[PDB]
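Colleague: sharing an experimental structure here, sequence included.
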There are 2 protein chains.
Amino acid sequence: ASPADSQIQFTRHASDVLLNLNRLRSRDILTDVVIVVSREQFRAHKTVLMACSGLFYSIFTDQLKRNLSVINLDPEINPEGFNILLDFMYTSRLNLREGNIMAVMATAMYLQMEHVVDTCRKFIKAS
Amino acid sequence: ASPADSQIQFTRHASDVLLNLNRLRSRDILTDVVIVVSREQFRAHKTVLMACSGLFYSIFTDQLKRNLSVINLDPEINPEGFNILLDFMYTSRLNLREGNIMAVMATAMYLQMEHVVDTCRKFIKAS
Ligand SMILES: Cn1cnc2c(ccn2CC(=O)Nc2ccncc2Cl)c1=O
Ligand SMILES: Cn1cnc2c(ccn2CC(=O)Nc2ccncc2Cl)c1=O
Ligand SMILES: [Cl-]
Ligand SMILES: [Cl-]
């Protein structure tokens, strides 16, 4: 048996994987859900959503909901805030601005993305 | 518009995503293919396979093959070598040993994982 700890580490592999998953999203390859946010909608991979959000983890882990192909978010959720967070999921880069911080933060609370909410709080503290 | 370059970077996000995808694999959650390697078989997420391997990218990008639920690898492929590479895909950690290097290298050639083949060559050069 081989403990992963003594194995050879590839320091860019995880980031390469995420970039390639984002490339598949951009080509709509093997996306399996549409997220509807008021008048807008965004396709994604459920696995990535689950990996990044407590809300999506809790939805899709439940066998009752695992096969859903459409999720309607709460009508109060800002589509721009959601789009910023979806991009973050697939890139590790978060577009916070003075003009979007409150919407992004509220959306991250709803999506149960605790480290992102904490970063939003730090953005507030620094402005 | 916001260039990703000026956005806030989350330095552990990609690795967290990959760990969570591996956790889903371990629970067989949203896996959509079985890879058959002689007498053994391994379930996976096609998106991760595509992200990590030229062979799987070329198979699943083609609309002819995208919906396949079973892929039979070449009968000469060593299941242990394949298992090591599948683990690598989902962990960024490669278990090379003197006893497995040749099988892993040959399997990585077949899977079209060029950086892994290069690392196998370096392992050979160092022994
Ligand atoms: C509060 N909260 C809740 N869940 C979160 C985050 C950030 C990401 N996730 C998703 C997650 O942990 N997924 C996951 C866990 C275990 N096995 C498989 C998977 Cl896909 C957060 O801040
Ligand atoms: C030779 N070769 C060929 N392909 C490889 C590697 C290592 C990973 N991949 C998969 C890959 O690039 N996937 C991909 C590309 C573009 N858009 C989406 C995806 Cl999913 C390699 O060494
Ligand atoms: Cl598709
Ligand atoms: Cl499932």
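Modeller: Thanks, I have it. Numbering: from 1, shown residues only, chains lettered A, B, ... in the order given. Ligands and ions are numbered 1, 2, ... in the order given.
Colleague: which parts of chain A are helices?
Modeller: A:13-26, A:46-52, A:54-61, A:79-91, A:101-111, A:114-126 (DSSP state H).
Colleague: mind giving me the packing neighbours of the last one?
Modeller: Using 3 or more CB pairs under 8 Å, 6 or more residues apart in numbering or on different chains; DSSP states H and E as the contact criterion, the secondary-structure elements in contact with helix A:114-126 are helix A:101-111. Using the backbone N, CA and C atoms, a C-beta is placed for each residue, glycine as well.
Colleague: so the helix it packs on versus helix A:79-91, what angle?
Modeller: 70 degrees (axes from the mean of the first three to the mean of the last three CA atoms, to 10 degrees).
Colleague: isn't residue A:104 up against residue A:87?
Modeller: No: with contact defined as CB atoms under 8 Å, residue A:104 does not reach residue A:87; the gap is 10.8 Å.
Colleague: could you tell me which residues touch both of the two?
Modeller: In terms of CB atoms under 8 Å, 6 or more residues apart in numbering or on different chains, residue A:104 and residue A:87 are both contacted by the residues residue A:95.
Colleague: neighbour-wise, which of these two wins?
Modeller: residue A:104 (27 against 19; other CB atoms under 10 Å in any protein chain shown).
Colleague: now the more buried one: closest residue in space that isn't a chain neighbour?
Modeller: Among residues not flanking residue A:104 along the chain, residue A:81 sits closest, at 4.8 Å (CB to CB, 6 or more residues apart in numbering or on different chains).
Colleague: again, but for residue A:121
Modeller: residue A:105 (7.6 Å).
Colleague: about what we covered before: my guess is the residue nearest to residue A:104 meets residue A:101, correct?
Modeller: No: using CB under 8 Å, residue A:81 makes no contact with residue A:101, being 9.4 Å away.
Colleague: so between those two, which is more surrounded?
Modeller: Per other CB under 10 Å, whichever of residue A:81 and residue A:101 has more neighbours is residue A:81, with 21 against 16.
Colleague: show me what contacts that one?
Modeller: Contacts of residue A:81 (CB under 8 Å, 6+ apart): A:100, A:103-104, A:106-108.
Colleague: equivalent analysis for residue A:21, please.
Modeller: Residue A:21 is in contact with A:45, A:48, A:90, B:47-48, B:51, counting by CB under 8 Å, 6+ apart.
Colleague: quick check on these: which are buried?
Modeller: A:45, A:48, A:90, B:47-48, B:51 (16 or more other CB atoms under 10 Å in any protein chain shown).
Colleague: dump the residue contacts of residue A:46.
Modeller: Counting by CB under 8 Å, 6+ apart, residue A:46 has contacts A:32-33, A:56, A:60, B:30.
Colleague: ok, the residue of chain A found nearest ligand 1 - how many residues close by?
Modeller: Residue nearest to ligand 1 within chain A: residue A:54 (2.8 Å; CB to the nearest ligand atom). Using other CB under 10 Å, residue A:54 has 13 neighbouring residues.
Colleague: right, and residue A:97 touches residue B:2 too?
Modeller: Yes: counting by CB under 8 Å, residue B:2 is a contact partner of residue A:97 at 7.2 Å.
Colleague: find the nearest non-adjacent residue to residue A:83, please.
Modeller: Excluding the flanking residues, the one nearest residue A:83 by CB to CB, 6+ apart is residue A:42, at 6.6 Å.
Colleague: quick check: closest non-adjacent residue to the residue nearest in space to the middle of chain A.
Modeller: Closest residue to the average C-alpha location of chain A: residue A:89 at 3.5 Å, with CA atoms, centre = their mean. Closest residue to residue A:89 apart from its sequence neighbours, by CB to CB, 6+ apart: residue A:52 at 4.1 Å.
Colleague: correct me if wrong: that neighbour contacts residue A:92.
Modeller: No: when contacts are counted by CB under 8 Å, residue A:52 is not listed as touching residue A:92 (10.1 Å).
Colleague: for chain A, which residues are neighbours of ligand 3?
Modeller: A:29-30 (CB under 5 Å from the ion).
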